[PDB]
Amino acid sequence: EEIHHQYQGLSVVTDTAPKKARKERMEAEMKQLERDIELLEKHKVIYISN
Amino acid sequence: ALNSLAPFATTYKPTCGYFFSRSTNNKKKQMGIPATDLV
Amino acid sequence: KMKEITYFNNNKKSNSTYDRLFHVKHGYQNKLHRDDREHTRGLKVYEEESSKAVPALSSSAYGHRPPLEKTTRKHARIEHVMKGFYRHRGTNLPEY
Amino acid sequence: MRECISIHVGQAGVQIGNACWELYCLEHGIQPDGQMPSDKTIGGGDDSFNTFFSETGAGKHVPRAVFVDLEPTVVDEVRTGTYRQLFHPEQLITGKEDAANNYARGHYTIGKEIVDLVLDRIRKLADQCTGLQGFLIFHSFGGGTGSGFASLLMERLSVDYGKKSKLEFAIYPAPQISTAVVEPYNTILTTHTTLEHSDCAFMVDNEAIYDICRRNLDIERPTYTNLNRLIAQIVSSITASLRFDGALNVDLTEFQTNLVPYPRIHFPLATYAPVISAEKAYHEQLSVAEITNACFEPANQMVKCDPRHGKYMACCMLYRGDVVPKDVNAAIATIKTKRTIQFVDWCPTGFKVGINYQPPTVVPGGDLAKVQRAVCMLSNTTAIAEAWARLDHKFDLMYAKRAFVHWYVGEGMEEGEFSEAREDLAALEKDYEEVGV
Amino acid sequence: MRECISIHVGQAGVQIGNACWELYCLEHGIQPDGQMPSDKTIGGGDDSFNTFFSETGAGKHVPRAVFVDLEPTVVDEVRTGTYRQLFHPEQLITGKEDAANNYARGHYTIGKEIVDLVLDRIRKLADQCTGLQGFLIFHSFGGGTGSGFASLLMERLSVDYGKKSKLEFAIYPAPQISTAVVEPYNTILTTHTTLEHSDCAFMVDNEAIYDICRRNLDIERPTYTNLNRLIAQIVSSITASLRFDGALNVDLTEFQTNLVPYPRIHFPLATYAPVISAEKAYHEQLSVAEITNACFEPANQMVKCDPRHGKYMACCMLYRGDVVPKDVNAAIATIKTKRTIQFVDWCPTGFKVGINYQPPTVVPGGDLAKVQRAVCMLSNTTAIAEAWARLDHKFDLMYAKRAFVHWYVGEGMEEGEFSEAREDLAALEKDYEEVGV
Amino acid sequence: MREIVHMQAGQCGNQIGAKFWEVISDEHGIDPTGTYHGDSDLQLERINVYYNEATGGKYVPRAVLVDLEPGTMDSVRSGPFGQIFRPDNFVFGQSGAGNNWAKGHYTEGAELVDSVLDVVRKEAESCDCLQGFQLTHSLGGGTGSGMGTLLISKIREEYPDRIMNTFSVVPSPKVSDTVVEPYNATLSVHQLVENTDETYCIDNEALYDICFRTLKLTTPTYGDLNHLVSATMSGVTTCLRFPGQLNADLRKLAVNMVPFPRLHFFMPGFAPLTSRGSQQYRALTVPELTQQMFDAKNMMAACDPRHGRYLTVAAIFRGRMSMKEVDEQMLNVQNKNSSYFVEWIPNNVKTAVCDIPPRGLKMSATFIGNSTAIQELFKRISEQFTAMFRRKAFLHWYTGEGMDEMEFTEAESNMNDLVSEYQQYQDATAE
Amino acid sequence: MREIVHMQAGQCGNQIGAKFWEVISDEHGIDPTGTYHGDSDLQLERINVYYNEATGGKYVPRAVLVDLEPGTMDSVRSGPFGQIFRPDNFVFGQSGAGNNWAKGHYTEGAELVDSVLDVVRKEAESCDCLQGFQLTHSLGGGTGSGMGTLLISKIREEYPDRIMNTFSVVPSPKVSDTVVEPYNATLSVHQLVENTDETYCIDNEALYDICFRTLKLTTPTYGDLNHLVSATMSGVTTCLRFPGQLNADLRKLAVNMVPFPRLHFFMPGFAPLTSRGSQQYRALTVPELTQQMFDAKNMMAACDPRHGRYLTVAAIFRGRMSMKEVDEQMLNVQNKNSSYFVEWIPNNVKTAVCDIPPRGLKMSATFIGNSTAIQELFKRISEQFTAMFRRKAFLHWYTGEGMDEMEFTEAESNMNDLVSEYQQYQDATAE
Ligand SMILES: Nc1nc2c(ncn2[C@@H]2O[C@H](COP(=O)(O)OP(=O)(O)OP(=O)(O)O)[C@@H](O)[C@H]2O)c(=O)[nH]1
Ligand SMILES: Nc1nc2c(ncn2[C@@H]2O[C@H](COP(=O)(O)OP(=O)(O)OP(=O)(O)O)[C@@H](O)[C@H]2O)c(=O)[nH]1
Ligand SMILES: Nc1nc2c(ncn2[C@@H]2O[C@H](COP(=O)(O)OP(=O)(O)O)[C@@H](O)[C@H]2O)c(=O)[nH]1
Ligand SMILES: Nc1nc2c(ncn2[C@@H]2O[C@H](COP(=O)(O)OP(=O)(O)O)[C@@H](O)[C@H]2O)c(=O)[nH]1
Ligand SMILES: [Mg+2]
Ligand SMILES: [Mg+2]
């Protein structure tokens with residue numbers, strides 16, 4: 001929710017290199033988070049190996 | 001899952017864009033199979 | 001807090017965006033004509049405007065009070081001719 | 001057996017019926033959910049409610065009213081509020097977009113695509129009926145749904161059902177006070193239709209009810225709630241003889257054949273008496289003679305006109321309560337021998353009395369006091385020509401500069417309907433003059 | 001003991017039968033595993049289940065259903081669903097590939113490989129019956145398995161059995177809502193062959209029953225499931241006279257000797273219209289007269305053609321439930337006095353009444369409120385020519401450019417079939433016109 | 001169900017619409033996120049008039065923010081209550097018209113209009129009633145005026161049966177606030193008075209006046225002004241959203257307040273307005289509301305109405321009240337100041353009572369009025385236009401960027417025709 | 001039990017098929033090793049359609065990898081979901097010959113055609129019903145075009161009854177991207193027309209437009225383009241793989257879509273495609289899916305459908321939805337854009353609802369449409385072809401590999417005939 005709130009407050013266009021990189025870094029971070037808690041929410045047990 | 005559709009991830013090797021890092025080695029890998037050879 | 005109408009709601013749970021989007025429900029109900037226009041039947045005011053001591057709608061004042069009289073049952077047009085001269089079943093004609 | 005279909009058109013008609021059905025349910029004992037607390041065991045035959053309600057199977061009574069309106073709003077809180085279950089879900093017919101104070105828009109647009117559904121609901125109700133005798137079209141002359149669509153439904157009901165007593169209850173604009181600016185246009189346009197299709201159209205404005213609430217009722221803050229409760233009491237006193245026994249029972253046929261001298265003078269005035277409050281009711285001898293005097297007072301008229309300038313043709317007394325016919329005879333004799341109350345020469349016998357035994361039922365949260373005696377005085381006077389002249393003057397002031405005509409013209413209704421309606425009410429005023437002389 | 005065998009061919013037929021056998025098991029108290037519980041039997045040797053379920057003696061009952069589709073799907077849903085142990089594994093026949101909206105593939109190429117197997121299964125399930133009322137074919141005219149292979153089955157059944165009743169239930173294409181583009185071709189090709197072989201074609205389209213579900217059953221986003229339950233209720237009400245008793249009973253020859261005046265006029269339309277939802281049935285007394293005249297309006301006929309544009313020819317009205325045989329005749333007398341509908345001059349008596357005693361059975365999971373009265377009216381009417389004219393206009397309009405012809409041509413069928421089907425449908429329209437005038 | 005599509009054009013439109021979507025979403029209970037932290041289902045029954053709700057509890061609005069330069073859109077998205085707006089309906093240009101009507105109407109403002117109508121059609125066909133179109137543009141600027149009037153012309157052309165209400169800020173009598181403002185305003189009103197069914201004409205001396213010497217406030221910021229505009233902007237469409245007593249929809253107000261088609265320029269008014277120190281000394285009742293309405297100071301259009309006569313007046317009360325109060329107060333106003341009313345219109349006052357007041361008010365009052373005193377605005381603008389056009393002021397931009405002198409001539413023709421119509425319907429008697 | 005044999009030839013075909021076997025592996029629950037790591041039982045009913053069972057629970061795809069060179073074979077073998085292919089279905093040469101239809105079709109491309117045809121033959125007799133063949137290739141290459149259409153001709157000769165479709169990445173109208181593309185495309189379609197009956201024309205800047213004006217995605221890349229292609233790969237055969245209310249397989253959507261044999265050039269699409277930012281602001285409903293279908297901003301062919309009329313249209317839906325809503329939406333869009341449809345056939349739209357959606361989506365959709373707007377691409381390719389052929393440019397690399405100008409004239413005549421009949425069937429009136 002925090003990275004989504006920060007990503008929603010970006011500019012209307014990302015034309016500079018930092019704007020273009022800051023969009024993509026947050027997109028990759030939030031989708032990696034989505035994969036992480038999708039794997040967590042799809043399951044009920046979750047054992048930890050080593 | 002590595003190929004999601006609704007939040008659109010088509011996960012490939014970390015090349016181009018922000019994640020280019022002079023890494024994620026672009027040397028080609030050994031095929032293993034030689035060729036198709038009836039000769 | 002107290003606001004124009006009281007309605008001390010218990011914060012009406014949460015609506016987190018992750019659970020709203022990525023918890024996909026294949027549970028459309030067919031009682032509507034479109035999925036987006038959801039708040040056309042699930043409207044809940046009929047008991048809170050009665051729990052009002054004084055109600056927030058002018059139109060919702062017709063029958064807010066409990067009844068006062070006994071309706072004065074004594075004079076009523078009780079039908080005896082065309083509802084009493086007709087009896088549903090049985091030709092007289094004994095059958096035992 | 002003695003059915004009567006109620007049709008509430010427009011916001012004013014729907015709100016009047018919202019008071020009216022509350023009063024009917026409190027009168028006949030049906031709870032707001034439709035379930036009578038008792039059942040067919042006690043109460044004997046239990047057929048008093050059959051004028052309005054119809055018991056369906058297990059014992060839920062559904063009324064015989066159609067709540068039709070072009071805007072969704074008011075009929076949606078009708079569908080949503082306390083009486084959500086008691087009304088049939090397809091009876092409460094909604095529109096799609098409001099007519100918005102326009103006879104042209106109510107009679108030449110989306111009123112067409114609601115009228116087939118409301119007519120089919122009317123036919124379903126009348127085929128459920130087993131001896132239907134009358135209609136109860138409640139609406140307003142202010143304009144929009146209550147004028148154009150009500151006129152359209154009146155015309156279609158007249159050409160469909162043939163001979164049938166179509167009682168109309170219209171909300172008239174007051175002399176000094178009204179809401180919309182096109183109320184003159186709407187009144188002339190709806191009177192052109194309801195003159196030849198209605199039968200005993202009762203007329204009520206807001207100012208006179210406000211004055212009665214301020215004078216008799218001690219209500220410093222009267223509102224539409226009190227107005228609609230008073231009109232509900234009026235119509236209950238009109239239709240009480242159908243549902244309760246009495247010394248003399250008056251139904252719609254002998255109502256309209258006594259209150260209509262000629263087949264154009266069918267606009268009587270309704271006055272209720274007493275409209276007293278409980279505090280003033282304590283200090284009094286409420287009785288037949290003085291309630292007849294209050295009925296014939298000029299300050300208790302519910303149309304803003306002076307009956308002392310009138311030429312009373314025929315009036316019906318509708319007594320309600322433990323009323324003695326000898327006291328009725330004495331009160332009518334005193335009213336007849338009074339000289340300021342002027343009757344027309346060709347009707348010396350103009351006093352149709354009808355006594356019902358059931359006393360009036362008070363609404364909880366109401367304003368009227370409990371009374372053992374009431375009269376719904378209904379008089380076909382000549383003082384309504386003052387109202388006709390007033391609204392014709394308003395129409396002339398509108399029509400001199402042709403203001404607010406372009407909406408009707410661009411909608412589609414032409415100048416010919418305005419001209420025909422104006423000349424129709426001119427002929428109506430000359431008809432009152434011809435019958436009054 | 002009065003057995004009737006049901007052949008459900010095509011995807012539409014298989015889905016319709018999937019709802020139908022659910023309704024039949026619920027009516028006869030049969031659990032989905034195939035057994036009747038000991039506390040859900042009439043007892044004393046009841047026989048009101050053998051018309052649809054045989055009894056391989058273990059306590060287990062198996063239906064007389066010939067579920068057939070050329071595609072591996074949907075029948076696999078039947079095999080893997082909750083109605084898995086009910087059907088025998090040999091009763092559910094599947095082929096190599098679907099005919100795929102092609103009459104030529106359904107009739108000449110794909111269906112020939114499986115027509116002998118389905119004929120063998122029909123022969124076995126017919127020989128297992130002591131007395132056969134007839135055949136209940138369930139299919140769609142849209143195209144594929146339900147059109148060409150249905151026509152092939154009807155040709156083979158007319159060759160083999162002969163003279164037996166063959167009721168078909170065809171999912172007809174609606175005028176504006178449709179799925180394939182070759183549906184006019186498939187209907188034109190089927191109605192050349194089913195004309196000479198069937199004896200009663202109950203045809204239903206999707207748009208009209210969508211309107212029924214939206215309006216009367218207030219489901220304004222319905223689905224094929226709900227359509228299948230309502231069609232199942234229709235077929236249960238029509239076959240409810242080979243089972244539970246009552247007044248006048250109408251059987252497979254009874255409602256055919258009085259529905260077809262001439263042999264090739266076997267295209268009636270069905271109307272089951274006590275279709276009232278749960279929240280709308282409590283606020284209504286569901287009476288015989290009002291359901292009787294409710295099953296006569298164009299808003300309730302489930303074929304998109306108004307009955308006003310055409311003269312009625314015959315009506316077989318099948319009541320169901322607690323119905324006295326008086327108010328049936330009273331309601332039919334009122335309909336005879338009605339001038340809205342028009343009967344043909346050579347059929348003075350044109351009503352045939354069947355009445356049962358079993359109330360309709362509600363499926364848990366459908367809206368379909370618990371009602372004690374039902375009508376399943378079947379009218380042979382001249383207004384069905386509108387659908388023929390519409391699809392003939394579509395057929396000629398597509399065939400002007402000879403589009404989609406090569407798919408039929410390169411499969412085993414020639415354009416002479418197209419020409420002779422055009423001529424046959426022109427003759428059918430001319431015969432309906434001549435019979436109507 | 002009567003949806004109305006809302007539209008913001010220019011920086012004035014963007015800020016006024018941003019505060020309007022703060023105010024009405026606070027009224028309906030929408031949080032900053034977009035969900036429903038409301039109080040009642042009365043706010044939810046007709047919440048889809050302004051909001052195309054998504055699945056679940058998302059309540060995004062039918063607002064189209066449009067400009068020729070991104071700018072204020074980034075400002076709105078960074079500002080509070082800015083994340084409610086959908087990222088799809090932020091169509092914009094790249095250069096920026098500014099205060100050039102030619103740049104808003106013929107030049108790159110006229111190539112954005114295809115995408116603008118694409119979004120408008122998407123939001124219109126994602127509905128079922130489509131009562132009308134709200135526009136909060138700036139009358140007397142560039143992208144507010146030129147693109148706004150072009151959008152009005154296109155929308156009236158493609159849906160010619162809908163209520164069209166534009167709010168608009170009026171060119172100022174005092175100060176200037178823009179040098180080319182008479183040219184921009186004349187060119188805007190030329191295309192405005194054929195298509196808009198009602199224009200509301202808000203003015204930037206009355207907004208400062210009724211907060212400086214009615215609300216005190218010392219330094220009155222700008223958010224208070226935008227809130228004061230959005231108060232009556234929300235109060236007009238109260239009948240479309242909240243139920244209650246005797247109602248008045250947008251078409252009802254249009255037919256009650258427009259006697260002839262080119263007479264649809266009104267003046268607004270919000271009349272609970274007590275100073276912060278003397279709020280407790282006032283008794284807030286319908287007579288006090290009516291006194292605050294029919295008062296020369298409270299009108300938000302300048303145009304001191306003692307210099308003319310009200311053609312029509314409509315008053316939307318919001319609260320738990322009596323009808324006899326409001327109706328008797330309007331009777332008292334008419335019978336008292338009948339000299340300052342139009343004599344050939346008896347009952348020139350429409351009343352509409354809802355029973356849902358806004359936040360922080362037990363009772364509320366919204367004034368709107370078609371007056372024969374609003375011609376002073378148009379007379380001053382025509383005078384300034386003629387003063388610049390005689391000496392040929394800033395014109396080479398328009399002429400070399402795609403106008404003609406003739407277009408200015410019919411603009412002045414509609415100018416003096418409109419003021420002549422106001423004067424002719426003012427000075428006429430009953431007979 | 002229907003059966004599809006996948007045949008990926010060329011660089012573009014290899015990459016697209018790699019992403020296709022990626023997107024359906026996790027749809028059917030297949031891990032990179034080969035086991036079934038999933039939850040639902042519905043994925044093991046028609047899993048034989050794309051994967052045949054092997055030694056020890058392993059499922060392997062029924063796909064043939066076809067090329068004249070290593071390279072993207074190394075890339076496919078090294079990438080994820082790459083060690084799932086059987087290492088024997090890997091027919092590849094060593095020349096590196098490319099961008100020469102002659103060298104791919106009348107040269108060494110005819111040397112490996114026997115080996116790859118025997119591989120495909122073993123694949124086909126590994127089946128029991130063999131619904132058809134599905135090939136992925138690019139129009140405008142050497143290996144995927146020449147050798148590809150050679151294999152198309154051999155398969156059409158040897159199995160002239162089964163449904164066989166190509167997904168035909170077409171050349172690009174904007175820019176050129178390969179110098180000999182009109183020659184390759186002309187010679188490839190000249191073999192595609194008589195053989196294939198389902199060609200899904202997929203264009204590159206259309207996918208760029210989708211990925212940039214629909215999903216933002218500032219770094220689009222061929223991963224996103226190949227996932228767009230793989231979505232409409234899975235959307236055609238989702239009815240074969242999974243049950244639905246109204247099933248429709250490849251033969252049904254061929255016969256329902258081909259009125260005359262040389263009229264089989266489709267325009268694929270997908271729905272719902274939404275951005276990451278505009279995901280909580282969007283409602284995933286059937287009318288939104290339908291309008292996103294029939295909007296021209298969803299087509300995978302760069303030709304614009306507004307300049308032509310759709311011949312026939314298919315809308316293969318996936319997920320749990322309402323049948324009345326779905327076919328009412330198609331009725332509404334047909335009656336709305338009745339001018340953008342041919343009137344000489346009625347009801348030219350097709351519905352196919354499947355009861356299983358993809359991963360993470362409530363509903364999904366696949367628009368595939370035979371339209372008369374595809375003739376603009378053929379007109380452009382024919383004009384470029386005759387522009388190069390009028391001066392014999394680049395022709396000696398074709399005539400030195402065993403060709404003649406007679407074949408080029410025959411291909412040009414075929415192009416002109418196909419364009420002329422597209423013109424005829426777009427201007428042919430009803431009567
Ligand atoms: N007595 C009484 N009159 C009412 C009431 N509500 C509205 N009115 C009258 O209705 C008039 C306004 O016209 P409406 O009846 O509201 O118009 P409508 O029938 O709803 O049709 P539209 O204008 O299209 O909405 C006012 O002048 C009131 O006198 C009410 O509750 N009681
Ligand atoms: N009422 C209803 N109609 C259906 C149903 N399923 C299919 N249909 C109708 O069938 C038509 C499509 O043809 P299908 O029945 O699916 O094809 P088929 O008869 O199985 O033959 P094939 O082409 O081999 O699949 C549609 O137009 C529908 O009207 C269903 O479940 N209920
Ligand atoms: N309420 C409000 N009014 C404004 C604002 N900006 C300009 N105005 C008014 O609009 C007129 C000029 O508008 P302008 O700034 O040119 O709008 P533009 O065309 O979008 O640039 C002036 O007379 C101002 O009174 C604003 O941000 N808010
Ligand atoms: N979508 C997509 N297209 C590609 C890819 N690689 C090449 N192409 C397209 O293929 C065309 C060139 O064809 P090519 O691959 O050289 O054919 P080949 O030489 O026979 O293998 C170009 O127009 C590209 O657009 C890819 O990875 N994805
Ligand atoms: Mg109203
Ligand atoms: Mg099928």
# chains A, B, ... in the order shown; residues from 1 in each chain; ligands from 1
>>> residues_around(residues="residue A:31", least_positions_apart="2", cutoff="12 Å", atoms="only C-alpha atoms", output="PyMOL selection string")
(chain A and resi 1+3-4+24-29+33-38) or (chain B and resi 1-11) or (chain C and resi 18+22) or (chain G and resi 276)
>>> write_last_selection(atoms="N, CA, C and O atoms", output="mmCIF file, in the first residue's frame")
data_model
loop_
_atom_site.group_PDB
_atom_site.id
_atom_site.type_symbol
_atom_site.label_atom_id
_atom_site.label_comp_id
_atom_site.auth_asym_id
_atom_site.auth_seq_id
_atom_site.Cartn_x
_atom_site.Cartn_y
_atom_site.Cartn_z
ATOM 1 N N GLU A 1 0.824 -1.207 0.000
ATOM 2 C CA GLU A 1 0.000 0.000 0.000
ATOM 3 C C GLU A 1 0.860 1.260 0.000
ATOM 4 O O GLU A 1 0.516 2.250 -0.653
ATOM 5 N N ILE A 3 4.110 1.679 -1.213
ATOM 6 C CA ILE A 3 4.672 1.891 -2.553
ATOM 7 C C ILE A 3 3.581 2.196 -3.584
ATOM 8 O O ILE A 3 3.808 2.989 -4.503
ATOM 9 N N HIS A 4 2.371 1.650 -3.424
ATOM 10 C CA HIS A 4 1.294 2.017 -4.343
ATOM 11 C C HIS A 4 0.883 3.477 -4.177
ATOM 12 O O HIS A 4 0.627 4.171 -5.167
ATOM 13 N N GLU A 24 9.841 2.627 -12.933
ATOM 14 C CA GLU A 24 10.123 1.210 -13.126
ATOM 15 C C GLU A 24 10.631 0.535 -11.860
ATOM 16 O O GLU A 24 10.313 -0.637 -11.631
ATOM 17 N N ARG A 25 11.414 1.241 -11.036
ATOM 18 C CA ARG A 25 11.888 0.656 -9.785
ATOM 19 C C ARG A 25 10.727 0.353 -8.850
ATOM 20 O O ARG A 25 10.655 -0.732 -8.259
ATOM 21 N N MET A 26 9.793 1.298 -8.722
ATOM 22 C CA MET A 26 8.616 1.069 -7.894
ATOM 23 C C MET A 26 7.716 -0.008 -8.478
ATOM 24 O O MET A 26 7.148 -0.797 -7.717
ATOM 25 N N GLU A 27 7.578 -0.067 -9.808
ATOM 26 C CA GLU A 27 6.774 -1.121 -10.426
ATOM 27 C C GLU A 27 7.361 -2.502 -10.154
ATOM 28 O O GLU A 27 6.638 -3.441 -9.794
ATOM 29 N N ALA A 28 8.681 -2.640 -10.309
ATOM 30 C CA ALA A 28 9.331 -3.919 -10.045
ATOM 31 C C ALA A 28 9.244 -4.292 -8.572
ATOM 32 O O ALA A 28 8.996 -5.458 -8.240
ATOM 33 N N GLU A 29 9.429 -3.314 -7.679
ATOM 34 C CA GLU A 29 9.336 -3.577 -6.246
ATOM 35 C C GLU A 29 7.932 -4.020 -5.854
ATOM 36 O O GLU A 29 7.762 -4.994 -5.108
ATOM 37 N N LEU A 33 6.724 -7.688 -4.528
ATOM 38 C CA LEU A 33 5.911 -7.816 -3.323
ATOM 39 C C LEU A 33 4.623 -8.585 -3.600
ATOM 40 O O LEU A 33 4.187 -9.395 -2.773
ATOM 41 N N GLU A 34 4.002 -8.332 -4.758
ATOM 42 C CA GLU A 34 2.785 -9.040 -5.145
ATOM 43 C C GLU A 34 3.032 -10.532 -5.295
ATOM 44 O O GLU A 34 2.220 -11.343 -4.848
ATOM 45 N N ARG A 35 4.143 -10.907 -5.928
ATOM 46 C CA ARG A 35 4.503 -12.318 -6.050
ATOM 47 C C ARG A 35 4.755 -12.940 -4.683
ATOM 48 O O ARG A 35 4.317 -14.066 -4.413
ATOM 49 N N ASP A 36 5.443 -12.202 -3.804
ATOM 50 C CA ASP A 36 5.769 -12.697 -2.469
ATOM 51 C C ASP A 36 4.499 -12.994 -1.673
ATOM 52 O O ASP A 36 4.308 -14.109 -1.168
ATOM 53 N N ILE A 37 3.587 -12.025 -1.593
ATOM 54 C CA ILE A 37 2.392 -12.283 -0.796
ATOM 55 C C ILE A 37 1.326 -13.045 -1.565
ATOM 56 O O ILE A 37 0.394 -13.555 -0.945
ATOM 57 N N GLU A 38 1.455 -13.198 -2.883
ATOM 58 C CA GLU A 38 0.605 -14.150 -3.582
ATOM 59 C C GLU A 38 1.001 -15.571 -3.216
ATOM 60 O O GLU A 38 0.135 -16.413 -2.950
ATOM 61 N N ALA B 1 4.487 -18.721 -10.080
ATOM 62 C CA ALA B 1 4.171 -18.098 -11.360
ATOM 63 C C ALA B 1 5.175 -17.001 -11.697
ATOM 64 O O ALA B 1 5.518 -16.179 -10.848
ATOM 65 N N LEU B 2 5.647 -16.998 -12.943
ATOM 66 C CA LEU B 2 6.601 -16.005 -13.414
ATOM 67 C C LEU B 2 6.101 -15.217 -14.615
ATOM 68 O O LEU B 2 6.837 -14.367 -15.129
ATOM 69 N N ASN B 3 4.881 -15.471 -15.076
ATOM 70 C CA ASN B 3 4.356 -14.866 -16.296
ATOM 71 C C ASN B 3 2.936 -14.364 -16.062
ATOM 72 O O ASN B 3 1.997 -14.730 -16.770
ATOM 73 N N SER B 4 2.770 -13.529 -15.038
ATOM 74 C CA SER B 4 1.461 -12.999 -14.681
ATOM 75 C C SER B 4 0.924 -12.082 -15.777
ATOM 76 O O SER B 4 1.664 -11.560 -16.614
ATOM 77 N N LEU B 5 -0.390 -11.893 -15.760
ATOM 78 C CA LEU B 5 -1.084 -11.164 -16.812
ATOM 79 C C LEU B 5 -1.829 -9.937 -16.315
ATOM 80 O O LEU B 5 -1.855 -8.918 -17.014
ATOM 81 N N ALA B 6 -2.435 -9.993 -15.125
ATOM 82 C CA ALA B 6 -3.236 -8.855 -14.692
ATOM 83 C C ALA B 6 -2.345 -7.696 -14.232
ATOM 84 O O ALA B 6 -2.530 -6.583 -14.742
ATOM 85 N N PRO B 7 -1.361 -7.859 -13.285
ATOM 86 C CA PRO B 7 -0.377 -6.778 -13.153
ATOM 87 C C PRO B 7 0.843 -6.999 -14.037
ATOM 88 O O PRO B 7 1.956 -6.615 -13.665
ATOM 89 N N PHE B 8 0.617 -7.609 -15.205
ATOM 90 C CA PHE B 8 1.484 -7.646 -16.383
ATOM 91 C C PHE B 8 2.986 -7.806 -16.149
ATOM 92 O O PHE B 8 3.750 -6.873 -16.415
ATOM 93 N N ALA B 9 3.427 -8.954 -15.641
ATOM 94 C CA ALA B 9 4.863 -9.209 -15.590
ATOM 95 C C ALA B 9 5.199 -10.336 -16.550
ATOM 96 O O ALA B 9 4.560 -11.392 -16.525
ATOM 97 N N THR B 10 6.209 -10.104 -17.383
ATOM 98 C CA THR B 10 6.658 -11.015 -18.431
ATOM 99 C C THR B 10 8.132 -11.321 -18.237
ATOM 100 O O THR B 10 8.940 -11.207 -19.161
ATOM 101 N N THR B 11 8.477 -11.704 -17.002
ATOM 102 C CA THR B 11 9.829 -11.720 -16.443
ATOM 103 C C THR B 11 10.890 -12.351 -17.337
ATOM 104 O O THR B 11 10.844 -13.547 -17.641
ATOM 105 N N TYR C 18 -5.039 -3.961 -1.892
ATOM 106 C CA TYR C 18 -4.540 -5.272 -2.297
ATOM 107 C C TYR C 18 -5.639 -6.326 -2.226
ATOM 108 O O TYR C 18 -5.835 -7.101 -3.170
ATOM 109 N N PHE C 22 -6.568 -7.906 -5.871
ATOM 110 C CA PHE C 22 -5.951 -9.186 -6.190
ATOM 111 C C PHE C 22 -6.562 -10.362 -5.439
ATOM 112 O O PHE C 22 -6.061 -11.483 -5.565
ATOM 113 N N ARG G 276 -0.766 -0.486 -14.819
ATOM 114 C CA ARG G 276 -0.599 -0.698 -13.386
ATOM 115 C C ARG G 276 -1.189 0.457 -12.589
ATOM 116 O O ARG G 276 -1.788 0.244 -11.528
#
>>> interface_residues(of="chain F", to="chain G", cutoff="6 Å", atoms="only C-alpha atoms", output="count of residues only")
3
>>> atom_distance(atom1="atom CA of residue C:83", atom2="atom CA of residue E:290")
21.5 Å
>>> atom_distance(atom1="atom CA of residue G:84", atom2="atom CA of residue G:61")
7.4 Å
>>> closest_residue(among="F:420, F:14, F:48, F:312", to="ligand 3", atoms="only C-alpha atoms and all ligand atoms")
F:14
